[PDB]
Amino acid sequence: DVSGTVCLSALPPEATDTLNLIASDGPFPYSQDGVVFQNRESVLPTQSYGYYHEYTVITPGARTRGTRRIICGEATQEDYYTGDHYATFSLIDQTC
């Protein structure tokens, strides 16, 4: 299940940077950005393979990719944020 919707303005600023890179088709800072997210745990709605893609949301100061990600779906404005490495997701509202 999706935890609710959150205003893009309420997420860390780096989430806005990721969304802007997704709108321009990169380039992305990590080679793992844009790979398929399989939704293996069934947390997001069931869809065909390839419907979802995952992108890193940079954690300031981290040496690794950390735990924040944006997951996009194929629908218009369907983007989810996770701050705990795919345990919970919120739908991102880009209008606020």
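Residue indices: 1-based, along the sequence shown.
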Hey, which bit's got the bigger mean C-alpha B factor in the entry, 70-78 or 21-29?
-> 21-29
Hey, which bit's got the bigger mean C-alpha B factor in the entry, 47-55 or 60-68?
-> 60-68
Entry-reported Cα temperature factor of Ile92, expressed as the chain third it lands in = lowest
Select lowest, middle or highest to describe the third in which the CA B-factor of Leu8 falls within its chain in this entry.
-> lowest
